[PDB]
Amino acid sequence: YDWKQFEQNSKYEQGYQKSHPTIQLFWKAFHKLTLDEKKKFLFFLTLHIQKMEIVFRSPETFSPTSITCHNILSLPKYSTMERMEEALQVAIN
Amino acid sequence: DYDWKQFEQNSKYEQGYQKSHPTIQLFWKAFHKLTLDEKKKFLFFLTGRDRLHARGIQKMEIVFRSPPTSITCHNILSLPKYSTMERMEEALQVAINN
């Protein structure tokens, strides 16, 4: 249950750095949450986590006032039905 | 019955993709061919959610973006640039009380 490791795992995309003032506010607000609140936050976002990674992005770098979560699919530009079919089967672990 | 066509319509397309891109049409053709258990297994991989009843997938939303020759997925947090601790704490409470 190491929450420091969960923080260190975090990655930052456009608009943010680890040193950005809003990111430093988020992590202190997150660490002040009780354990049950932390879990409910991870449920809102998605245990044991210690290997989950969360990626931060500024709202203006997408297409506004509240926090939202997005499940992104990174899909390589496949040109065949057969390779696409095979790729889905591999994602189905 | 599961509302897979609505789930397809909820999709958004980001960096270098559109609903008419030929690879997207290849994806959905392949997606609508899996069994329900494979659709659910595929869903579990893209989110990790256990709530894949009919009402869950009907409101589910997937964002497509182009990249790595493997299919990968990420959870990204869209965080407004709040200025005060009091504002940040309030936004967390709104997020987990909904």
# chains A, B, ... in the order shown; residues from 1 in each chain; ligands from 1

$ select_by_dssp --residues "chain B" --states "helix (DSSP H, G or I)" --output "JSON, numbers by chain"
{"B": [4, 5, 6, 7, 8, 9, 22, 23, 24, 25, 26, 27, 28, 29, 30, 31, 36, 37, 38, 39, 40, 41, 42, 43, 44, 45, 46, 54, 55, 56, 57, 58, 59, 85, 86, 87, 88, 89, 90, 91, 92, 93, 94, 95, 96]}

$ residues_around --residues "residue 4 of chain B" --least-positions-apart "3" --cutoff "10 Å" --atoms "only C-alpha atoms" --output "number ranges by chain"
B: 1, 7-10, 31-32, 36, 39, 54, 57-58, 60

$ residues_around --residues "segment 41-47 of chain A" --least-positions-apart "4" --cutoff "10 Å" --atoms "only C-alpha atoms" --output "ChimeraX atom specification"
/A:1,30,33,35-37,52,54,68-71 /B:46-50,75-77,92-93,95-98

$ atom_distance --atom1 "atom CA of residue 15 of chain A" --atom2 "atom CA of residue 60 of chain A"
8.1 Å

$ residues_around --residues "residue 91 of chain A" --least-positions-apart "5" --cutoff "9 Å" --atoms "only C-alpha atoms" --output "PyMOL selection string"
(chain A and resi 86) or (chain B and resi 41-42+45-46+70-72)

$ closest_residue --among "B:15, B:66, B:6, B:35" --to "chain A" --atoms "only C-alpha atoms"
B:66

$ closest_residue --among "B:24, B:43, B:52, B:73" --to "chain A" --atoms "only C-alpha atoms"
B:73

$ select_by_dssp --residues "chain A" --states "strand (DSSP E)" --output "count of residues only"
12

$ closest_residue --among "B:86, B:12, B:64, B:34" --to "chain A" --atoms "only C-alpha atoms"
B:64

$ interface_residues --of "chain A" --to "chain B" --cutoff "7 Å" --atoms "only C-alpha atoms" --output "NGL selection string"
:A and (22 or 25-26 or 29 or 40-41 or 44 or 46 or 54-59 or 63-79 or 81 or 84-85 or 87 or 91-92)

$ residues_around --residues "residue 49 of chain A" --least-positions-apart "4" --cutoff "8 Å" --atoms "only C-alpha atoms" --output "number ranges by chain"
A: 1-3, 6

$ atom_distance --atom1 "atom CA of residue 39 of chain A" --atom2 "atom CA of residue 55 of chain B"
23.0 Å

$ atom_distance --atom1 "atom CA of residue 50 of chain A" --atom2 "atom CA of residue 10 of chain A"
10.9 Å
